[PDB]
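What follows is a single structure, written as structure tokens, with notes after it.
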Amino acid sequence: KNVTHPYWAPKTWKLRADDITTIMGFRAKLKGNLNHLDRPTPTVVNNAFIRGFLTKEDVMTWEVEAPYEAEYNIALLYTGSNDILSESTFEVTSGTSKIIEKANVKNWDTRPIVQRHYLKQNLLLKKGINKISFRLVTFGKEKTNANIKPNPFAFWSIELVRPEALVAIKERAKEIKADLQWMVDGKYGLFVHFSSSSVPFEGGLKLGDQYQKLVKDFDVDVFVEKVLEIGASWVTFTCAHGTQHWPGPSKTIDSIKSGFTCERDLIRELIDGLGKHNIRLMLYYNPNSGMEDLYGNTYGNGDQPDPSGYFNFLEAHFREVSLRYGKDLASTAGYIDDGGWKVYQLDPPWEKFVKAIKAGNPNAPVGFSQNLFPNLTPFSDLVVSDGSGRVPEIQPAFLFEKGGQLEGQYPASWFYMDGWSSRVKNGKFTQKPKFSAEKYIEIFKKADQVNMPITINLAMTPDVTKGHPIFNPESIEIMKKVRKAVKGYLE
Ligand SMILES: [Mg+2]
């Protein structure tokens with residue numbers, strides 16, 4: 001039943017002794033009813049969970065390679081019905097080491113939906129090849145307000161780190177942690193999707209089909225005046241949303257495949273345009289969308305999977321961009337998309353990415369989108385996920401305490417008023433705002449009261465010119481009232 005392309009097939013995992021190593025559940029050999037959605041091509045499959053932990057025989061077994069004997073702390077990532085978790089007991093074994101612990105009940109209503117569970121007892125691993133097994137030994141089941149889809153115990157990944165390496169890791173995470181006071185004081189910012197799939201206002205090919213032209217015609221002063229009108233204190237600008245087109249020079253991208261960069265350094269002109277008004281610029285970057293047409297498969301070609309080429313492209317890219325603009329750019333990683341669903345599954349070197357992001361700007365906030373997952377890496381700065389058009393969740397305080405799901409991160413909200421990508425048909429915007437201006441005022445007012453920065457998206461036409469509104473005027477009108485209620489004079 002279970003299908004895995006050789007790049008995703010179970011295999012022996014080299015443990016990095018000074019580091020957190022993460023191993024996806026599908027990389028273990030599976031017995032019994034344990035199953036996962038098919039993974040037939042080299043392309044990552046988001047829904048990687050392992051399901052089927054119904055009996056004491058549904059066992060999964062990893063083969064790890066510990067360079068020497070040592071005690072590793074174990075973390076499990078899983079989700080499922082709280083009625084199942086309330087009566088589920090884990091068993092982690094290797095050789096004669098045997099950890100037994102009850103599951104944690106999710107006692108918060110917000111994200112993260114998947115939880116990270118640090119087991120109390122450590123795990124001895126011999127030198128060389130080890131076999132690590134995971135299974136349930138006691139079982140809950142779902143109880144009786146009436147839906148259809150079940151919510152079984154679903155296993156995502158196992159994590160292993162020597163407790164000495166963990167303390168040292170957290171020490172360096174603390175030493176480079178970003179100061180987000182400029183974001184708290186700014187109160188809110190603008191998310192702008194320069195999406196490769198958006199159709200121009202005036203008609204024509206989508207952005208990803210005439211990218212260089214639209215970058216040459218982009219009017220920075222038209223854009224900066226609308227940003228300044230709505231009160232935004234920063235802009236998170238979409239690079240490579242849907243394709244790997246990048247709105248400026250890049251020796252790293254050019255070195256993989258030509259055609260994706262621009263002669264016009266639009267990033268530079270956005271920095272200088274916005275900076276006349278003390279408005280900062282952070283980048284969105286998508287490391288998967290259209291990557292097959294730039295780098296190819298994340299794990300390469302040839303018989304066996306090798307991510308190192310992919311990882312180096314990312315590190316060099318983050319580094320070059322960070323150095324090219326320096327402190328002038330607030331961050332080249334304000335929003336790195338699908339850090340959780342996609343990047344996490346390759347077991348990436350998070351620290352190298354982060355050191356690359358901060359190389360030119362040591363206060364650059366790093367925001368890997370963790371989707372519905374807990375903190376991706378101790379080196380995160382911001383909570384990052386896609387809020388669609390909903391009221392922002394207030395994540396309870398205890399998630400951010402030591403041990404917590406989100407320890408080390410600072411709350412932040414990312415969502416849209418009308419839509420993510422503009423959908424303009426016949427010179428009229430087709431995505432209206434979701435809420436009344438009064439509700440948005442309440443949203444922004446509460447986020448200000450709790451010092452949670454907000455980055456709201458207003459859908460934008462990709463042809464930024466003088467000819468037409470680039471933002472939905474209803475959306476703009478709402479945001480002008482928001483600016484009055486939150487950033488204007490109060491008495
Ligand atoms: Mg505040």
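Below, each value reflects all heavy atoms present in this structure, side chains not excepted, and no hydrogens, waters or symmetry copies. Each residue takes its place number in the sequence, starting with 1.
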Original post:
Does a donor on one side chain and an acceptor on the other come within less than 3.5 Å for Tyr285 and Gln244?
Top reply: yes

Original post:
Do you know the tightest heavy-atom contact between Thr55 and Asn33?
Top reply: OG1-OD1, 4.5 Å

**OP:** Can you see which heavy atom on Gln370 is nearest to which on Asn375, and at what distance?
**Re:** NE2-N, 3.6 Å

Original post:
At their closest point, which heavy atom of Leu458 faces which heavy atom of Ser475, and how far apart are they?
Top reply: CD1-CB, 3.7 Å

Original post:
Between OG1 of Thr332 and CG of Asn361, what distance do you get to the nearest 0.5 Å?
Top reply: 10.5 Å

Original post:
Are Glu351 and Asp19 side-chain neighbours, meaning at least one heavy-atom pair lies under 4.5 Å?
Top reply: no

Subject >> Results of side chain to side chain donor-acceptor pair (under 3.5 Å) for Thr243 - residues two or more places apart only >> reply: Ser196, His245

**OP:** Identify the heavy atoms of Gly300 and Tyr7 that sit nearest to each other, and give their distance.
**Re:** O-OH, 3.1 Å

Original post:
Is there a side-chain contact between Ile454 and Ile443 (heavy atoms, below 4.5 Å)?
Top reply: yes

**OP:** Begin with the C-alpha distance, continue with both residues' side-chain angles, and end with the deciding distance and a verdict on side chain to side chain contact (heavy atoms under 4.5 Å, CB included) for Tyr284 and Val192.
**Re:** CA-CA 9 Å; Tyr284 166 106; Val192 1; over 6 Å; no

**OP:** For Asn371 and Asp386, test the side chains for any donor-to-acceptor distance below 3.5 angstrom and give the result as yes or no.
**Re:** no

Original post:
Taking atom CZ of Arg319 and atom CG of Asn312, what is their separation to the nearest 0.5 Å?
Top reply: 11.5 Å

**OP:** Decide yes or no for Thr43 and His5: does some side-chain heavy atom of the first lie under 4.5 Å from some side-chain heavy atom of the second?
**Re:** no

**OP:** Work out which heavy atom in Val199 is nearest to a heavy atom in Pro462; give both atom names and the distance.
**Re:** O-CD, 3.4 Å

**OP:** First locate atom CG of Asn288, then atom OH of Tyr310, and finally report the distance between them rounded to the nearest 0.5 Å.
**Re:** 4.5 Å

Original post:
Given the rule in the salt bridge (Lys or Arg N to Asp or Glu O under 4.0 Å) test, do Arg27 and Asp347 qualify, once you have shown the distances and angles that lead to the verdict?
Top reply: CA-CA 11 Å; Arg27 297 291 197 176; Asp347 187 8; over 6 Å; no

Subject >> Full working for ring pair (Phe, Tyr, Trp, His ring centres under 6.0 Å) between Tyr78 and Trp156 >> reply: CA-CA 5 Å; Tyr78 58 87; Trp156 182 258; over 10 Å; no

Original post:
So, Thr430 side chain and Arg423 main chain: donor-acceptor pair closer than 3.5 Å or not?
Top reply: yes

**OP:** Verify side chain to side chain contact (heavy atoms under 4.5 Å, CB included) between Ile74 and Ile132, making sure each step is shown before the conclusion.
**Re:** CA-CA 11 Å; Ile74 306 301; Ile132 301 170; 5.6 Å; no

Original post:
Can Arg162 and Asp18 be counted as an ion pair, charged N to O under 4.0 angstrom?
Top reply: yes

Original post:
Quick one: are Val44 and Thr298 in side-chain contact, heavy atoms under 4.5 Å?
Top reply: no

Original post:
Given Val321 and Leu329, is the side chain to side chain contact (heavy atoms under 4.5 Å, CB included) satisfied, shown in steps?
Top reply: CA-CA 9 Å; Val321 176; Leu329 178 76; 4.1 Å; yes

Original post:
What do you reckon, are the aromatic ring centroids of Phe194 and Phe237 less than 6.0 Å apart?
Top reply: yes

Original post:
For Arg111, does its backbone N or O pair with a side-chain atom of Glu393 as donor and acceptor, under 3.5 Å?
Top reply: yes

Subject >> Flag side-chain contact, heavy atom, 4.5 Å: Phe368 against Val384 >> reply: no

Original post:
Can a cation-pi geometry be assigned to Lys11 and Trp13, taking NZ or CZ under 6.0 Å from the six-membered ring centre and within 45° of the ring axis?
Top reply: yes

Original post:
Below 6.0 angstrom between ring centroids: does that apply to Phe155 and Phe90?
Top reply: no

**OP:** Ignoring hydrogens and angles, state whether a donor on the side chain of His193 or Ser421 is under 3.5 Å from an acceptor on the partner side chain.
**Re:** no

**OP:** Mind checking the CZ-CZ spacing from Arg135 to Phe53? Nearest 0.5 Å is all I need.
**Re:** 12.0 Å

Original post:
Just by modelled atom types, is the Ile99 backbone N or O under 3.5 Å from a matching donor or acceptor in the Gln121 side chain?
Top reply: no

Subject >> Stepwise side chain to side chain contact (heavy atoms under 4.5 Å, CB included) test for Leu180 and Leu382 >> reply: CA-CA 9 Å; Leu180 310 174; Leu382 285 160; 3.6 Å; yes

Original post:
Is a donor on one side and an acceptor on the other found under 3.5 Å between the side chain of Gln212 and the backbone of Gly259?
Top reply: yes

Subject >> Which residues share a ring pair (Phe, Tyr, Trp, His ring centres under 6.0 Å) with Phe415, sequence neighbours left out >> reply: none

Original post:
Any donor and acceptor pair, going by atom type alone, linking the side chain of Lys257 with main-chain N or O of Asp293 inside 3.5 Å?
Top reply: yes

Subject >> Close side-chain approach of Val45 and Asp38, heavy atoms under 4.5 Å >> reply: no

Original post:
Which word best sums up how the rings of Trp246 and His317 line up, parallel for under 30°, tilted for 30 to 60°, or perpendicular for over 60°?
Top reply: perpendicular

Original post:
Counting distance only, does the side-chain N/O of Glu142 pair as donor-acceptor with the main-chain N or O of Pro150 below 3.5 Å?
Top reply: no

Original post:
Does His36 offer a backbone N or O that forms a donor-acceptor pair with the side chain of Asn2 under 3.5 Å?
Top reply: yes

**OP:** Look up atom CD in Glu159 and atom CD1 in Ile23, then write down how far apart they are to the nearest 0.5 Å.
**Re:** 9.5 Å

Subject >> Flag, side chain of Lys434 to backbone of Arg390, donor-acceptor distance under 3.5 Å >> reply: no

Original post:
Does the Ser331 side chain pair with the main chain of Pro365, one donor and one acceptor, at a distance under 3.5 Å?
Top reply: yes

Subject >> Of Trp420, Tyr416, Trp234, the residue whose pairing with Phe191 passes ring pair (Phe, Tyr, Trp, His ring centres under 6.0 Å) >> reply: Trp420

Subject >> Straight-line distance of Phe218 CZ to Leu266 CG, nearest 0.5 Å >> reply: 5.5 Å

Original post:
Which pair of heavy atoms, one from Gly25 and one from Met60, lies closest together, and at what distance?
Top reply: O-CE, 3.3 Å

**OP:** Mind telling me whether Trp414 and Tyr335 have parallel, tilted or perpendicular rings, with 30° and 60° as the class edges?
**Re:** perpendicular

Original post:
Is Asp381 reaching over with its side chain to a backbone N or O of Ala178, donor-acceptor style, under 3.5 angstrom?
Top reply: yes

Original post:
Does any donor atom in the side chain of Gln395 or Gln405 lie under 3.5 Å from an acceptor atom in the other side chain?
Top reply: no

Subject >> Parallel, tilted or perpendicular: rings of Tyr344 and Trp350 (30°, 60°) >> reply: tilted

